Amino acid sequence: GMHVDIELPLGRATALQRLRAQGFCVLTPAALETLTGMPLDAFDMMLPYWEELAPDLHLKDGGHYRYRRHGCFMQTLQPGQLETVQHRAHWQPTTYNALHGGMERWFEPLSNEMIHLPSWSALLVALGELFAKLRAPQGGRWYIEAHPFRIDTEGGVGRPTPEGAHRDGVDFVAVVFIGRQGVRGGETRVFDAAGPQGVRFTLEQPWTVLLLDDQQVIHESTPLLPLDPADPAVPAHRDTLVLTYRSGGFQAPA
Ligand SMILES: [Cl-]
């Protein structure tokens with residue numbers, strides 16, 4: 001099988017061995033603290049922004065209601081720096097073989113206050129430094145997109161993704177579990193992209209992080225189901241943060 005390190009904290013060197021060997025690993029909240037040098041209280045400062053995400057009104061597929069925001073960055077590895085870049089669209093071609101065309105989506109920008117938190121930079125930088133140890137990006141630069149999400153069961157019906165498991169068309173992905181209430185389901189699955197092996201596990205502790213080598217694994221999560229569907233007024237949602245890292249540039253039409 002494959003290792004789901006969801007109970008014990010991985011150090012950076014073990015996390016690297018895991019990503020090389022199986023193409024993903026899980027960092028417990030304690031492992032994230034150790035990796036980033038930031039205590040969990042500093043990460044908690046980000047939580048109120050998940051109450052202010054913008055509705056994503058682009059799809060009308062009868063799925064659960066989606067809220068999000070979007071922001072992009074460039075990380076330089078030596079000398080280390082992280083900087084914002086101008087707000088930009090997110091590309092969604094029907095295939096990562098696409099050179100041109102496809103859908104470009106404008107979302108609302110991340111809160112400026114959130115991106116100036118110490119934990120925000122600590123998070124993006126530490127993960128970039130880790131990922132560059134597996135596969136160094138061209139010119140020592142990562143192009144990073146951040147997608148904070150809330151999926152709310154107050155409306156819509158959750159169904160399996162038509163496409164099944166996906167990759168993101170980048171080099172590395174981090175899925176950070178931010179929180180959840182009033183729901184079950186939302187189980188993550190990670191599969192070997194070139195073999196039959198897979199794992200299932202449910203992220204439950206805030207600041208648990210799933211690290212993915214986007215060229216070696218594919219992933220998905222199962223639909224949410226309200227714990228108390230009989231009662232509307234009880235909040236029922238799941239919060240995540242998806243960070244993508246890409247060499248060369250942001251995914252974009254030529
Ligand atoms: Cl690609």
# chains A, B, ... in the order shown; residues from 1 in each chain; ligands from 1
call {"tool": "residues_near_ligand", "arguments": {"ligand": "ligand 1", "cutoff": "10 Å", "atoms": "only C-alpha atoms and all ligand atoms", "output": "list in words"}}
result
residues 95, 96, 97, 98, 167, 168, 169, 170, 171, 214, 215, 246, 247 and 251 of chain A
call {"tool": "select_by_dssp", "arguments": {"residues": "range 176-230 of chain A", "states": "strand (DSSP E)", "output": "number ranges by chain"}}
result
A: 176-181, 183-185, 188-192, 198-201, 208-213, 217-221, 224-226
call {"tool": "closest_residue", "arguments": {"among": "A:197, A:112, A:153, A:202", "to": "residue 62 in chain A", "atoms": "only C-alpha atoms"}}
result
A:153
call {"tool": "atom_distance", "arguments": {"atom1": "CA of residue 9 in chain A", "atom2": "CA of residue 26 in chain A"}}
result
8.6 Å
call {"tool": "atom_distance", "arguments": {"atom1": "CA of residue 159 in chain A", "atom2": "CA of residue 64 in chain A"}}
result
8.8 Å
call {"tool": "residues_around", "arguments": {"residues": "residue 253 in chain A", "least_positions_apart": "5", "cutoff": "7 Å", "atoms": "only C-alpha atoms", "output": "compact mmCIF listing (two decimals) with C-alpha atoms, in the first residue's frame"}}
result
# COMPACT_ATOMS: atom_id res chain seq x y z
CA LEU A 99 -1.76 25.46 -26.27
CA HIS A 100 -4.46 28.10 -26.79
CA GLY A 101 -8.17 28.75 -26.24
